[PDB]
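First, one chain by itself in structure tokens, the form deposited in one PDB entry.
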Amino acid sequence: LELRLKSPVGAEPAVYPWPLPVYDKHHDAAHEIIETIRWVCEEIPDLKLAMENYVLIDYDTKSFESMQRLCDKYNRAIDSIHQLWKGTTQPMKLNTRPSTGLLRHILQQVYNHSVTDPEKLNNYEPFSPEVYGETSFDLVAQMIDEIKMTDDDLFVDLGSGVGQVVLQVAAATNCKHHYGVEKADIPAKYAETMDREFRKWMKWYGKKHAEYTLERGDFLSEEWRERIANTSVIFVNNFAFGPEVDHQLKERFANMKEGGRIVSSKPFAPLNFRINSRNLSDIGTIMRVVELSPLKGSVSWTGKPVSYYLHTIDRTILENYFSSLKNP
């Protein structure tokens, strides 16, 4: 026994066994199905136009028949749309990026099909750099909107977890490459499935994504010293990293090129940094730091609004200090 949803672009249908599984207290396969149909409707006007017909909510996530009736109405509409494209009508553009709303849904779907046992992610040594925590879709969305990127950029998420930040960025921008490196076995293992599921579902919806790679590794290693040096945009959720690891990261950001940028949950240099005779060796001498605007309604455990910081490699700061010394 099952449930099938045909792809709007001919990819292999999505098959859900019955009974539909539950992902967590607020997410189950039944709702995923309904939302997926809703979103494909957003991709295809004619499809949405056909789904209005009679579907007066007469479906209940409990009954197989009731769900099978929903899927079938969706599937029959997809067949007609497919015939419609054989006619004169223009077939949906295949190399487009997903809208933000579809992307949120897609990542939710990929996650649920990938992180089967969410609890396992918390099995980490507390009070260590291994502490797990996920950056909200919204913040990543904010970063993407504020930190403009181009096909010239190289994006890296240091300590990528199951890799959902990399996936969102790869789906939203056109960097030459996106990388995620994660050290712990658990999140890294899940990342392999996140990766497969993601590519599979993007194909299913007919949406394009930039190049990306999810890697198992240690970003403090020798290999990464240079890779970091060549990265133009680094995202790093270092809230629980600690002074030791942050110090080491600073030692590595010191080799980045001008205009290179770093977005993190904990600043690598004071915001009020004033270069003087005692702090010449400080990383703050070669970078501008600013606090990104907080997203309205966003309370972290600290009770205050969640905060992220943008650092921009700017050696002009240092150059001017020395000039100021040739005077005054």
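Residue numbers here begin at 1 and follow the sequence given. Think of the rigid core as the biggest set of C-alphas that the two forms share within 1.5 Å after superposition.
Not on display, but discussed next: the form deposited in another entry.
Q. Which residue, 306, 310, 9, 313, is displaced 2 Å or more at the Cα between the shown form and the other one after superposing the core?
A. The one that shifts is 306.
Q. Against the rigid core, is the Cα displacement of residue 217 between the shown form and the other one at least 2 Å?
A. No; that C-alpha moves by less than 2 Å between the shown form and the other one.
Q: Superpose on the rigid core, then tell me if the C-alpha of residue 124 is displaced by 2 angstroms or more between the shown form and the other one.
A: Yes, the C-alpha moves 2 Å or more.
Q.
Given a superposition on the rigid core, I'd like a yes or no on whether residue 134 shifts its C-alpha by 2 Å or more between the shown form and the other one.
A. It does shift by 2 Å or more.
Q) Do residue 132 and residue 228 move together or apart in that other deposited form, judged by C-alpha distance changing 3 Å or more? A) Compared with this form, residue 132 and residue 228 lie farther apart in that other deposited form.
Q) residue 196 and residue 130: do their C-alpha atoms lie closer or farther in that other deposited form than in the form you see, with a change of 3 Å or more? A) Relative to the shown form, the pair is farther apart.
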